[PDB]
Amino acid sequence: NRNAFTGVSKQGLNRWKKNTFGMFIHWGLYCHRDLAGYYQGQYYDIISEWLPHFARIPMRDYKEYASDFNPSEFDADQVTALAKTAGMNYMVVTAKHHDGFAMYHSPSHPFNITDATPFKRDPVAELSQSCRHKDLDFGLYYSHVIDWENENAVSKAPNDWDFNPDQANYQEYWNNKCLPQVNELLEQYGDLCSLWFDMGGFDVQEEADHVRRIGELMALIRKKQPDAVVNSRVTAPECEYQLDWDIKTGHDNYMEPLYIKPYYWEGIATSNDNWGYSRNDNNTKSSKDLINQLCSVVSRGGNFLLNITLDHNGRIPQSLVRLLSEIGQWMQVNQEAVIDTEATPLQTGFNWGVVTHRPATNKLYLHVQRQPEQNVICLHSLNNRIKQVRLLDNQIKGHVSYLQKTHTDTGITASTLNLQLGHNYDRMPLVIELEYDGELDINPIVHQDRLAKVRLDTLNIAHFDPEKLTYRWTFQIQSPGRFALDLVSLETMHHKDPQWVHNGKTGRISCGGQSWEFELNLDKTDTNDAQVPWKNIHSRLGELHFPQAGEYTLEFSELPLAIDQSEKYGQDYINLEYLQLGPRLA
């Protein structure tokens, strides 16, 4: 029902689609030399942004930190150059977070970095100016619902240490601080690619009041920044159908199921365990992991935002300069396989990586994230002739050979790529560009591969009914026998303590006239190339007998599987990566 609202301009949405990959910046007073996850010399296990709320810092005391906040080495050109180095095409910056501190010159409010600190500079102005000079699209985040500085801004996370939530008049916060500050953002910094919001569901006012205010907010944004993309976290999921917005937001860090969503969305990741600068955080993610997550999101049809920060001196931490420089060196070679590409059209995933699509030039990009088993990639859904394959990176030593065989009995084309190379997937993934002849022609088949394996995943599923808890795949066996059946499911729970929560759960398999109950056990752990740090857990369910070649149907039942949407914390649904049939000693 997006067509029922004004919406972003066509040219604004097309700019966002082409851009693909962006930077997020969380930076504020919470990055102070004496804060950044510490308070009064004590470490708190909390993201920096939430330390004022977790440690209940009286605002009279919190505001005193502004008096010696001077990030004197801040350099907007250094920040935008690092975004461009990384191969990012847009940046979104926190103008005001939950702490209520404006990281820009706010005429309406004195609690702002230009007026209240010895910095005496507007970093949002400097970044917007640098972005204009370097043709990088520039957007802003504003914490519209949560504000711990304003005595009226009551929410589900109230400042109940300085103020009494019962005495709040939310409309006064809204008229006196929220709307004047949003107007400043819409007027002071030129054309905005994005206006970004979160915690829309933390509004404790009546639904009708929320809907009226968000409607008015959105109308103001379309009027003053008609080309700006807005995310649905501006509200709660149950009010999305009532309100204007352009795109959704995926989980923080946790990878969406392999499923093409019927809406536009960004995935979003941290570069470490925190958002804004956290003094003790030495858990910097690898370039390899974040490239794999970028490619995995674009294979699903999403945009992707990677968050960075700056320390209290206004320096980008060296580990994040190194990280984005390493991503950049990869993007310089491989960006055409990621930026402005479409989601996989193959109607199946693969254990070895993911696929993106450039239909205008008849290209499929195979993102090889781990060594394919025996150096072979098997396709059965591609009907087109392959004109050629090439490594995008001409410094990789070796060659990709391929065969295509059209089986005259089934009409199925078996395409087999043979990787003759010696690449270290631990350092970075590699891209094979496959050019196909004619308009892309795919048949949604699930087929046993060269190594006698069948992958059943969230993309190639035939039928699912979350009410009846039934999940069905139909697939072709070319090599009969007795094969092991494994469920590969994900860890969940918080990124600093990932856990697999499904021990002892019972369900059923039915296939090829065989039917039995299994009990899930943690049989094996493995890295999941698209997730950090959540791992794959393998549970051996049992054995299926395929006495001859032909078509079989397998039904998983009596246990819920997350197919088209997943939860990070709730434990009723099992987050499916895939079910595998294969050689019982592989």
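For this deposited structure, the header cites X-ray crystallography as the method used and 1.9000 Å as the resolution.

**Q** Can you help me understand empty space enclosed by the protein in this one?
**A** This model, assessed by the stated rule, comprises six cavities of 30 Å³ or more. Its boundaries defined by the atoms lining it, the largest cavity holds a volume of some 130 Å³. Looking at the largest cavity, it is lined by 15 residues, and the ones nearest its centre are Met255, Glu256, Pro257, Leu576 and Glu577. Counting residues per element, the lining of the largest cavity draws most heavily on strand β28 (residues 574-582), which supplies three residues. Here the lining of the largest cavity is composed, by residue class, of seven nonpolar, four polar and four charged.

**Q** What should I look at first to understand the pairing of strand β25 (residues 536-546) in this one?
**A** Where a strand is regular, its side chains alternate between the two sheet faces. Here strand β21 (residues 481-490) pairs with β25 via 10 bridges, running antiparallel. By the bridge assignment, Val488 is partnered in β25 with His538.

**Q** I'm lost on the sheet that holds strand β6 (residues 194-196) in this one. Help?
**A** Pairing between the strands of a sheet comes from backbone hydrogen bonds, and it takes one of two forms, parallel or antiparallel. Within the open sheet, the eight strands sit side by side as β7-β6-β5-β4-β1-β10-β9-β8. Their pairing is parallel. Each end of this open sheet is capped by a strand with a single partner; those strands are β7 (229-230) and β8 (248-252). Sheet topology note: the strand β5 (residues 137-142)/β6 ladder contains two bridges and is parallel. Residue pairing across strands places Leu140 opposite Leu195, the latter belonging to β6.

**Q** Sorry if this is basic, but what is going on with the packing of aromatic side chains here?
**A** Aromatic rings in a pair are described by how distant their centres are and how their planes are angled relative to each other. Applying the stated criterion to the full structure yields 26 aromatic pairs. Here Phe475 and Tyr552 contribute two aromatic rings whose centre-to-centre distance is 6.5 Å and whose plane-to-plane angle is 20°, an arrangement assigned as stacked. Taken as a pair, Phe475 in strand β20 (residues 470-477) and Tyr552 in strand β26 (residues 550-557) lie far apart in primary sequence, 77 residues in all. The same class applies to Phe475 and to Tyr552, which are both buried. Aromatic ring contacts, followed pair by pair, group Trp27, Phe69, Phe74 and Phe119 into a single cluster. Stacked on the ring of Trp265, the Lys or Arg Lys261 has its end atom at 5.1 Å from the ring centre.

**Q** Can you walk me through helix α8 (residues 207-224) in this structure?
**A** Taking 1.5 Å of rise per residue, 18 residues should cover 26 Å, and α8 covers 26 Å from first to last C-alpha, within 8% of that figure. Elements in contact with the buried residues of α8: α7 (170-188), β6 and β7.

**Q** Got a minute to help me understand the sheet that holds strand β14 (residues 386-391) in this structure?
**A** Taken together, the four strands give an open sheet; going across it, the order is β11-β12-β17-β14, and neighbouring strands pair in antiparallel fashion. If you trace the sheet from one side to the other, it starts and ends with β11 (353-358) and β14, each paired once. Strand-to-strand twist across the sheet, computed as the mean angle between neighbouring axes with direction ignored, equals 20°. Relative to strand β12 (residues 363-368), β11 runs antiparallel, the two being bridged by six bridges. Its bridge partner lying in β12, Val355 is registered against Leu366. Its contacts with the sheet place helix α9 (residues 287-300) against β11 and β12, and it is angled at close to 55° to β11.

**Q** Explanation requested: the pattern of salt bridges in the structure shown.
**A** Charged atoms that come close allow side chains of opposite charge to pair. Evaluation of the coordinates by the stated rule reveals 31 salt bridges. Between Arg390 and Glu433 there is a salt bridge, and its shortest N-O distance comes to 2.7 Å. Here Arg390, found in strand β14, pairs with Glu433, found in strand β17 (residues 430-436); they are 43 residues apart in sequence, far enough to count as distant. Residue class for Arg390 comes out partly exposed when judged on its relative accessible area of 34%. Looking at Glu433, the relative accessible area reads 2%, which means it is buried. The structure contains a network of salt bridges with shared partners spanning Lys63, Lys96, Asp147, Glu149 and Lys177.

**Q** How should the packing of helix α4 (residues 76-85) against helix α6 (residues 123-133) be read in this particular structure?
**A** Geometrically, a packed helix pair is captured by the angle between its two axes and the distance between the axes. Interhelical geometry of α4 versus α6 gives an angle of 50° and a closest axis separation of 9 Å. Of the possible angle classes, the one that applies to α4 and α6 is oblique. In terms of crossing hand, the pair formed by α4 and α6 is right-handed. On α6, the residues touching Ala76, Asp77, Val79 and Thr80 of α4 are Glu126, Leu127, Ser130 and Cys131. Taken together, the residues that form the contact of α4 with α6 break down as four nonpolar, two polar and two charged.

**Q** I would appreciate a short explanation of the side chain of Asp137 in the present structure.
**A** Turning to its location among the elements, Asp137 is positioned in strand β5. Salt bridges are absent for the buried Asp137, whose nearest opposite-charge side chain, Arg15, sits at 4.1 Å. Within the local environment of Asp137, its side chain forms a polar contact with the side chain of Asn19, the two groups lying 2.8 Å apart.

**Q** It is not clear to me how the nonpolar core should be interpreted in this structure. Could you clarify?
**A** A general feature of soluble globular proteins is that nonpolar side chains tend to end up buried together. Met91 and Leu140 are the most contacted members of the largest nonpolar core, which has 104 residues in total. Here this core gets eight residues from one element, more than from any other, and that element is α7. Those residues in contact with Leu140, other than ones at most four positions away along the chain, are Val92, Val93, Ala95, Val124, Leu185, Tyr189, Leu192, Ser194, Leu195 and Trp196. In terms of nonpolar packing, the next biggest core, distinct from the first, is built from 32 residues, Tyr471, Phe518, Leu561 and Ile574 among them.

**Q** Help me out: how do you make sense of the packing of α9 against helix α10 (residues 318-334) in this one?
**A** Packing of α9 against α10 leaves a shortest axis separation of 9 Å and a crossing angle of 55°. Relative to α10, α9 is oriented oblique. As α9 runs across α10, the sense of the crossing is right-handed. Within the contact between the two elements, α9 uses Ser287, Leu290, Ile291, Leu294 and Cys295 and α10 uses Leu323, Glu326, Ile327, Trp330 and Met331. Split into classes, the residues belonging to the contact of α9 with α10 amount to eight nonpolar, one polar and one charged.

Rules and cut-offs
- Residues numbered from 1 in each chain as written, not as in the entry; some residues may be left out.
- Heavy atoms only, no water.
- 1 Å grid on protein atoms, 1.4 Å probe; cavity = no way out; pocket = protein on both sides within 12 Å on 5 of 7 lines; lining within 4 Å.
- Points joined across faces, edges and corners; volume = space filled by probe spheres on them.
- Helix = DSSP H or I, 4+ residues; strand = E, 2+ residues; numbered from the N terminus.
- Nonpolar A, V, L, I, M, F, W, Y, C, P; charged D, E, K, R; others polar.
- Pairing = 2+ DSSP bridges.
- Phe/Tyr/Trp six-rings, centres within 6.5 Å; stacked < 30°, edge-to-face > 60°.
- Buried < 20%, exposed > 50% of the residue type's maximum accessible area, 1.4 Å probe, protein only.
- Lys NZ or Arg CZ within 6 Å of the ring centre and 35° of its normal.
- Expected span 1.5 Å × (residues − 1).
- Contact = heavy atoms within 4.5 Å.
- Axes fitted to C-alpha atoms, helices over the stretch in contact; angles between N-to-C directions.
- Salt bridge = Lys/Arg side-chain N within 4 Å of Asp/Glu carboxyl O.
- Parallel < 35°, antiparallel > 145°, perpendicular 65-115°, else oblique.
- Left-handed = near helix turned anticlockwise from the far one by under 90°.
- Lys, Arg positive; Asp, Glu negative; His and termini not counted.
- Polar contact = N/O pair within 3.5 Å; in protein donor to acceptor, adjacent residues only side chain to side chain.
- Core = buried A, V, L, I, M, F, W, Y, C linked by side-chain atoms within 4.5 Å.

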